């Protein structure tokens, strides 16, 4: 727990978190991409940020800051992110598919980070791509899921690769249209399949 960190590291950790909901959010995003010596804080930042996303479904600007903080830690040349991708990915996927999110820009922004992880790490870590594809195809094809959830799931699938569009999307398009057919989803589907 963060209460067990050396004093100076807990104070820095608390300072960054306090900047998320403030006019200094952009400085916090820069700090997490550029600062050295943050490795010990990494699991705690991910744990707090994941918890904050669950509490912030109706705060689009807070969700965007959370997604940007994850990307900063992923890009930080002074951090080793690989052991934490298993915790970041489901939190980003909650922003893509979450039922309580009202902003499409949040879903797309998070989907862009999922794509970066997919492109960067799927060939290194075998379980990564199957887990991501299973979650997304599951949400898109679920008749109980909302229009916005299915849209986020399809948008994310659509940007991963041409092979995902051709395997996953092309294979299930007719079943989606026949059995669910939510207009916002079918509109996206028609645009994806024309390319």
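Residue numbers count along the first chain shown, from 1.
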Quiz item: Got a sec? Mean C-alpha B-factor, which is higher, 25-33 or 57-65?
Solution: 57-65
Quiz item: Higher mean Cα B-factor in the deposited model: 104-112 or 74-82?
Solution: 104-112
Quiz item: Which is it among 39, 166, 158, 50: the one with the largest CA B-factor in the entry?
Solution: 166
Exercise. Could you tell me which third, lowest, middle or highest, the C-alpha B-factor of residue 9 occupies within its chain?
Key: middle
Quiz item: C-alpha B factor of residue 180, ranked within the chain: lowest, middle or highest third?
Solution: highest
Quiz item: Going by the entry, which third of its chain does the Cα temperature factor of residue 20 land in?
Solution: middle
